[PDB]
K.L.:
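Have a look at this one before I ask anything.
Numbering starts at 1 and runs along the sequence shown. We count ligands from 1, going down the list as the structure has it; atoms in each ligand are counted the same way.
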Amino acid sequence: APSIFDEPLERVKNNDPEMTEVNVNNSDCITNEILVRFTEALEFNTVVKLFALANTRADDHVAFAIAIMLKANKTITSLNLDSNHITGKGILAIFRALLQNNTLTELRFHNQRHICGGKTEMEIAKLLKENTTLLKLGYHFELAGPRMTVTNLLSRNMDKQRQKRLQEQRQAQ
Ligand SMILES: [Cl-]
Ligand code: NA
Ligand code: NA
Ligand code: NA
């Protein structure tokens, strides 16, 4: 029973050099199994820069798969998880994976079905301390402490990566 996602999934699996994004945002036809299949196909894909699956009913199982994938994938720079069913458990799995990923620069997960809660926000801020490459975090923190801490950490990271880009440019100047 071939779905409409067969071709894009197989392009990812083939490392199609023209398949530079996977954007399945708003796909009413997609399933959690297909989302996991895309996620596993991305582990060793070296082309895709964006994985966007906003508003696809993605749940914690999809987020766990994504966390695993982020430990392998060195190519995706932007990940859109907005408007799904992911809980603090899924979000924290991803921030734990970001302890072992230095290439993702944008993560967003606005408007989940349920807020993640203050305890999760605190642990997000703690985990982010250890990652110096995330530059954009699309989430509005309910608690001010995590909110301002994360804002300061993203600024830290932006400053650090600008320093590293100048250094790299100067290196062969
Ligand atoms: Cl975890
Ligand atoms: Na694969
Ligand atoms: Na990685
Ligand atoms: Na200078």
Side-chain angles (χ1 to χ4, degrees), residues 9 12-17 19-23 32-33 35-53 56-82 84-109 112-139 141 143 146 149-150 153-173:
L9 177 61
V12 178
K13 284 166 66 175
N14 283 329
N15 253 327
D16 182 345
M19 184 81 180
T20 51
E21 309 189 342
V22 171
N23 188 325
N32 279 337
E33 177 181 42
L35 291 170
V36 173
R37 289 168 74 209
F38 271 108
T39 300
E40 294 184 340
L42 283 166
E43 293 197 29
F44 300 98
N45 177 286
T46 60
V47 179
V48 175
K49 314 289 189 183
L50 167 69
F51 187 24
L53 55 145
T56 58
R57 299 161 301 289
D59 68 356
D60 281 343
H61 289 112
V62 172
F64 297 148
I66 287 174
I68 295 151
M69 177 273 283
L70 287 168
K71 299 176 202 173
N73 181 289
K74 322 298 183 189
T75 304
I76 297 166
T77 57
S78 180
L79 177 62
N80 184 347
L81 306 175
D82 290 359
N84 281 314
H85 300 3
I86 301 164
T87 82
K89 286 189 64 216
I91 295 160
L92 289 175
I94 286 166
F95 278 92
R96 290 186 200 107
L98 287 180
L99 305 171
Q100 301 192 82
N101 172 296
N102 60 10
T103 45
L104 190 77
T105 61
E106 176 176 26
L107 171 63
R108 53 193 292 173
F109 51 95
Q112 303 307 310
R113 182 167 62 185
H114 295 123
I115 55 161
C116 58
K119 279 198 182 180
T120 293
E121 291 189 358
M122 290 288 284
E123 185 63 17
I124 290 171
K126 183 173 181 186
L127 288 166
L128 181 59
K129 182 72 163 188
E130 310 305 326
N131 172 297
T132 57
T133 45
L134 194 74
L135 307 178
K136 298 182 189 194
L137 199 170
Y139 176 64
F141 284 82
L143 294 183
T149 296
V150 165
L153 291 169
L154 297 172
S155 179
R156 176 198 69 174
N157 289 2
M158 280 178 268
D159 290 345
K160 195 188 232 221
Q161 296 310 318
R162 178 170 181 272
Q163 296 293 86
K164 293 186 68 162
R165 285 193 307 273
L166 290 167
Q167 187 73 344
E168 185 164 21
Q169 292 180 118
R170 286 162 66 92
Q171 187 269 337
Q173 261 154 33

K.L.:
Among residues at least two apart in sequence or on other chains, which ones pass salt bridge (charged side-chain N to carboxylate O under 4.0 Å, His left out) with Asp82?
P.N.:
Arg108
K.L.:
Kindly write out the residues that satisfy ring pair (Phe, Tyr, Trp, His ring centres under 6.0 Å) with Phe141, not counting sequence neighbours, or none if the list is empty.
P.N.:
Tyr139
K.L.:
Enumerate, atom names and distances included, each donor-acceptor pair closer than 3.5 Å involving a side-chain atom of residues 163-173, sequence neighbours excluded.
P.N.:
unit_1	atom_1	unit_2	atom_2	d
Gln173	NE2	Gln169	O	3.3

K.L.:
Looking only at side chains, do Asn157 and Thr133 share a donor and an acceptor under 3.5 Å apart?
P.N.:
no
K.L.:
At what distance, to the nearest 0.5 angstrom, does NE2 of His114 lie from OG1 of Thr87?
P.N.:
10.5 Å
K.L.:
Counting no waters, what protein N/O/S atoms lie under 3.0 Å from the Na ion (ligand 3)?
P.N.:
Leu70 O, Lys74 NZ
K.L.:
To the closest 0.5 Å, what do you measure between CG (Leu70) and CG (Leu104)?
P.N.:
6.0 Å
